[PDB]
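Notes follow the structure.
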Amino acid sequence: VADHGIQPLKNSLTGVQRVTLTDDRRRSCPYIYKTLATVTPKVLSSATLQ
Amino acid sequence: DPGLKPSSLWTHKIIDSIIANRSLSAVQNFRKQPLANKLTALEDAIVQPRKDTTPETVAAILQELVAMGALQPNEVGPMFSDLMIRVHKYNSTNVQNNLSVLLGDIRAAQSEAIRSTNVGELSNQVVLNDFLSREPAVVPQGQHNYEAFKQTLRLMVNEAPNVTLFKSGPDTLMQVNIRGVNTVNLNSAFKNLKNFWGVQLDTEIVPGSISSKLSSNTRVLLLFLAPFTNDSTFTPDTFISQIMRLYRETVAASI
Amino acid sequence: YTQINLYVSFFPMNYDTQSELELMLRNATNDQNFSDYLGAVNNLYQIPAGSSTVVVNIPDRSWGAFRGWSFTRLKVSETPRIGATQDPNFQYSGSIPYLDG
Amino acid sequence: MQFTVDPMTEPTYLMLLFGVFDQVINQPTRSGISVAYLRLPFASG
Amino acid sequence: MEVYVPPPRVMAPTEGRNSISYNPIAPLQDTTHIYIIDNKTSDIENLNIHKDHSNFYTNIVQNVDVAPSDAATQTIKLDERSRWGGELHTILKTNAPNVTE
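Residue numbers (the deposited numbering), protein chains in the order written: chain A, 402 to 451; chain B, 2 to 256; chain C, 557 to 657; chain D, 860 to 883, 885 to 905; chain E, 1 to 101.
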């Protein structure tokens, strides 16, 4: 169970989401049967003006 | 403008032309509209969409450097996208004031060219030479009455004492001091006079159905131009050459 | 596939005339908008063998600018499922009426 | 909607296509395009 | 004689600055939680037809009202006015042996 930091979100999160899970050597690991994650949006800055 | 400005902004302006300044023509167009065209003008009363004026301000000074001959017209292609990519990056209040002061020097440079030369005395001709531009200039069944009608219309612009000759959005009006029905639409008067140049008064079963298709718009235009013409004008024994010697002698006699 | 190239075509417009057009098409008012000619949302609803009726169901949505309906049966063995990389249950190489007409 | 078809011998689909609109593009700066997809009634968003 | 008329308050606007937007239900002027589970990726097709839990394509909308495959294709629209940020919190399970191919 991990806990990552802040990373910027896109402004339009689509319905179908690409979840690609790989090893160190850029290969599709077949030994995963259960994976899930949570994403919570927060405000970092404003792109309004000035 | 280059132009970066759209024309006919009625979806943003029809709702504050009815509430503010109470336009009757804007009401008649608004009731005619379908329900989908009508709901896209009721929100623009409530919230007005804010437009970024930065690319219209940057393109305003690239056209001035072309106008002063500083750079060739093929260079505002690449140089515009090289200056917009700088103000997207380094956007600040000190930059947004630098665009306005440079833009304030564009209008102040050309307003000095208006007051010193006194082209406001020729403000009638500028609106009028813009009107005689998009016209076809070659009419079927005509072409000697049509060329002579423009020359007597340019004579009225210069010789009449007070003619304003302003314009609305699509067309060009014309206002003289005879009270009441001052205004004459010059655009819809030239669609009524599209066929009536080379008409000769021969084929009439009954008199009428030639002079009755002259609407009340273009008949007043034939009344304003009647004193400023002659008989060394429109080619004789035609329909327009006998109007202009009938309307002349109902003004030269009514004095 | 051996080799694959992409071909484009340049109109040789004069750079003075092009620079006026290139300046006007970079507006937010001169946005180039397009439209799919069919203008449709395609839904494939299962009808089992021997059954006569099918009941569709759409819950509450915003139906502004609705245009109409269109419907025609298609057989399962002839209609594939598109967006997968390979359909192993699709063993048919005749005419596919779902994407051809 | 409740359709009624003839009973065939093998399973079939039903290509039901709702007539919707479908709209899209600006180049504000070189090497840059932003797009906005929209369709009504079935809005994707 | 100088009656204090108080200002009527505004009730700060919906669809505002921090507004996770979904069209039929009401938006949220808050932070929220979305999930990428491997229970769903089931009953959606043309996204995994033979695919492992390494490469799988999930639905994050969780809308039982409009379903299935129309819960997908709809987007969760964050606001353009703010620049957003997401915290990632993952959970893994595996059964990898010692010696393998």
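Each residue gets a CB set at the ideal place from its N, CA and C atoms; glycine is no exception.
Chain C within 8 Å of residue i, Cβ atoms only
{"i": "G78 (chain B)", "result": "yes"}
{"i": "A68 (chain B)", "result": "no"}
{"i": "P97 (chain E)", "result": "no"}
{"i": "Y872 (chain D)", "result": "yes"}
{"i": "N92 (chain B)", "result": "no"}
{"i": "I49 (chain E)", "result": "yes"}
{"i": "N46 (chain E)", "result": "yes"}
{"i": "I893 (chain D)", "result": "no"}
Exposed unless 16 or more other CB atoms sit within 10 angstroms - verdict on residue i
{"i": "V185 (chain B)", "result": "buried"}
{"i": "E2 (chain E)", "result": "exposed"}
{"i": "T118 (chain B)", "result": "exposed"}
{"i": "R249 (chain B)", "result": "buried"}
{"i": "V102 (chain B)", "result": "exposed"}
{"i": "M245 (chain B)", "result": "buried"}
{"i": "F590 (chain C)", "result": "exposed"}
{"i": "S607 (chain C)", "result": "exposed"}
{"i": "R899 (chain D)", "result": "buried"}
{"i": "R582 (chain C)", "result": "buried"}
{"i": "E578 (chain C)", "result": "buried"}
{"i": "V139 (chain B)", "result": "exposed"}
{"i": "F567 (chain C)", "result": "exposed"}
{"i": "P13 (chain E)", "result": "exposed"}
{"i": "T449 (chain A)", "result": "exposed"}
{"i": "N98 (chain E)", "result": "exposed"}
{"i": "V895 (chain D)", "result": "exposed"}
C-alpha distance - residue i paired with residue j, whole-angstrom precision
{"i": "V252 (chain B)", "j": "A227 (chain B)", "result": "8 Å"}
{"i": "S565 (chain C)", "j": "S233 (chain B)", "result": "59 Å"}
{"i": "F150 (chain B)", "j": "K168 (chain B)", "result": "20 Å"}
{"i": "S19 (chain E)", "j": "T75 (chain E)", "result": "13 Å"}
{"i": "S575 (chain C)", "j": "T585 (chain C)", "result": "18 Å"}
{"i": "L88 (chain E)", "j": "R427 (chain A)", "result": "21 Å"}
{"i": "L40 (chain B)", "j": "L66 (chain B)", "result": "43 Å"}
{"i": "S69 (chain E)", "j": "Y593 (chain C)", "result": "23 Å"}
{"i": "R135 (chain B)", "j": "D2 (chain B)", "result": "18 Å"}
{"i": "residue 1 (chain B)", "j": "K14 (chain B)", "result": "Because chain B spans 2 through 256 in this model, residue 1 (chain B) falls outside it and cannot be assessed."}
{"i": "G650 (chain C)", "j": "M874 (chain D)", "result": "18 Å"}
{"i": "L104 (chain B)", "j": "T54 (chain B)", "result": "12 Å"}
{"i": "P50 (chain B)", "j": "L78 (chain E)", "result": "20 Å"}
{"i": "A438 (chain A)", "j": "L92 (chain E)", "result": "9 Å"}
{"i": "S42 (chain E)", "j": "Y57 (chain E)", "result": "10 Å"}
{"i": "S213 (chain B)", "j": "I241 (chain B)", "result": "13 Å"}
{"i": "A109 (chain B)", "j": "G121 (chain B)", "result": "16 Å"}
{"i": "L72 (chain B)", "j": "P79 (chain B)", "result": "12 Å"}
{"i": "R81 (chain E)", "j": "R623 (chain C)", "result": "34 Å"}
{"i": "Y571 (chain C)", "j": "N75 (chain B)", "result": "5 Å"}
{"i": "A621 (chain C)", "j": "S9 (chain B)", "result": "24 Å"}
Residue i at chain E interface by Cβ criterion, 8 Å
{"i": "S607 (chain C)", "result": "no"}
{"i": "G878 (chain D)", "result": "no"}
{"i": "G905 (chain D)", "result": "yes"}
{"i": "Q451 (chain A)", "result": "no"}
{"i": "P615 (chain C)", "result": "yes"}
{"i": "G624 (chain C)", "result": "no"}
{"i": "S618 (chain C)", "result": "yes"}
Any chain A beta carbon closer than 8 Å to residue i
{"i": "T14 (chain E)", "result": "no"}
{"i": "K93 (chain E)", "result": "yes"}
Short CB-CB distance (under 8 Å) between residue i and chain D
{"i": "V610 (chain C)", "result": "yes"}
{"i": "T73 (chain E)", "result": "yes"}
{"i": "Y601 (chain C)", "result": "yes"}
{"i": "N23 (chain E)", "result": "yes"}
{"i": "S26 (chain B)", "result": "no"}
{"i": "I86 (chain B)", "result": "yes"}
Closer than 8 Å to chain B by CB, residue i
{"i": "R890 (chain D)", "result": "yes"}
Contacting positions in the region 419-434 of chain A - beta carbon closer than 8 Å to chain E: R419, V420, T421, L422, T423, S429, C430, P431, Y432, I433 and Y434
Counting Cβ pairs, one atom from each stretch, are 3 or more of them under 8 Å apart for the region 3-19 of chain B and the region 425-439 of chain A? no
Counting beta carbon pairs with one atom in the region 25-32 of chain B and one in the region 439-447 of chain A, are three or more of them shorter than 8 Å? no
Any contact of the region 106-114 of chain B with the region 141-155 of chain B, i.e. 3+ C-beta pairs under 8 Å? no
If the cut-off is 8 Å on Cβ atoms, which residues from the region 201-216 of chain B count as contacting chain D, listed in chain order? none
Short of 8 Å Cβ to Cβ, which residues in the region 633-653 of chain C face chain E? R637, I638, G639, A640, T641, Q642, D643 and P644
Taking contact to mean 3 or more Cβ pairs, one atom from each stretch, closer than 8 Å, check whether the region 635-645 of chain C and the region 36-47 of chain E are in contact. yes
Are the region 61-75 of chain B and the region 865-873 of chain D in contact at 8 Å, needing three or more beta carbon pairs? no
At least 3 beta-carbon pairs within less than 8 Å: the region 86-102 of chain B vs the region 599-614 of chain C: no
Would you check if the region 205-225 of chain B and the region 123-137 of chain B touch, i.e. whether three or more CB-CB distances between them fall below 8 Å? no
By the 8 Å beta-carbon criterion, what residues does the region 57-87 of chain E contribute toward chain A? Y57, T58, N59, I60, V61, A71, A72, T73, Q74, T75, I76, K77, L78, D79, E80, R81, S82, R83, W84, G85, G86 and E87
Does the region 216-226 of chain B come into contact with the region 179-194 of chain B, if we say contact requires no fewer than three beta-carbon pairs (one atom in each stretch) closer than 8 Å? yes
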